[PDB]
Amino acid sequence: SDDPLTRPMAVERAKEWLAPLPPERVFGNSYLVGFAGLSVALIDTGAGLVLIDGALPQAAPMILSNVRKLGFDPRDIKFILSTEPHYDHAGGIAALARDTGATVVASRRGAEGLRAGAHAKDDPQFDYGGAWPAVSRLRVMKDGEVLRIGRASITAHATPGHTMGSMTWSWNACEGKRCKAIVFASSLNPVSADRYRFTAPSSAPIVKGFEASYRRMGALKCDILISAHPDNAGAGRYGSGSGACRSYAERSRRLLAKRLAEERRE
């Protein structure tokens, strides 16, 4: 069995990214089933399960194992939400969709990258090239659109900048009468291949994209923040409490400012 959808990528970086963690309940019906360096969430909606992201291709079996350790059947995963079409977050999604029958859910631009399993021309990391497992079974959400399943309501928020189709997901998780607003934030890291310039006129959609993302992340109700790379939000697997999403955005803003200045230095 040479499985195209799980054949490993980035095996050296994966030693850190995929370091194991026990799966844990976040709050309510919502759980973490990812790794030390890459977040994967699992929502039990009462009418099926929803996963958020899929890590690397070889992570798909590890994710399904974690889902089982929590007592769930992966055959009940109905949707896999995608924050971005890069192989460290989408790499395992095709395998997960194959094995579960789930529909993959993304932004319009995100879906285009998922279908291709390759970088789009306006992706800051286009020049890195490469290919990763492509996805075909795709549902596009518009910015502000809500996915309702079981008793859960998940809102899609376009949060471009890292790529044009990067997308953040929010929903409420409840325990008895107490509910918390959870945000699973796409990366906002301004990184690129070597020759890419964020200050080029052709990059303006990406830079205006970051500005819209900062405004969105400042507006969200955000009792709990799960960052696609959890170290971007700090120590531990998620951050909580007033201000988390705003701090996350400010971190990105500071990195972007530093990057723009770097490009404007002689």
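Sequential numbering from 1, following the sequence displayed.
Enquirer: With respect to the recorded C-alpha B factors, which stretch has the higher mean value, 86-94 or 150-158?
Expert: Between 150-158 and 86-94, it is 150-158 that shows the higher mean C-alpha B-factor.
Enquirer: What stretch has the higher average Cα B-factor here, 223-231 or 209-217?
Expert: Mean CA B-factor is higher for 209-217.
Enquirer: Looking at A106, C174, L188, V183, which has the highest CA B-factor as recorded?
Expert: By C-alpha B-factor in the record, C174 ranks first.
Enquirer: What third of its chain, lowest, middle or highest, does the C-alpha temperature factor of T199 fall into?
Expert: It belongs to the highest third of the chain when residues are ordered by C-alpha B-factor.
Enquirer: Lowest, middle or highest third of the chain for the C-alpha temperature factor of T45?
Expert: As the PDB entry reports it, the C-alpha B-factor of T45 lands in the highest third of its chain.
Enquirer: Please place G34 in the lowest, middle or highest third of its chain by C-alpha B factor as given in the entry.
Expert: CA B-factor rank for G34: lowest third.
Enquirer: Among the modelled residues of this chain, does the Cα B factor of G117 put it in the lowest, middle or highest third?
Expert: Ranked within chain, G117 CA B lands in the lowest tercile.
Enquirer: Lowest, middle or highest third: which one holds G144 when the chain's residues are ordered by CA B-factor from the entry?
Expert: Highest third of the chain for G144's C-alpha B-factor.
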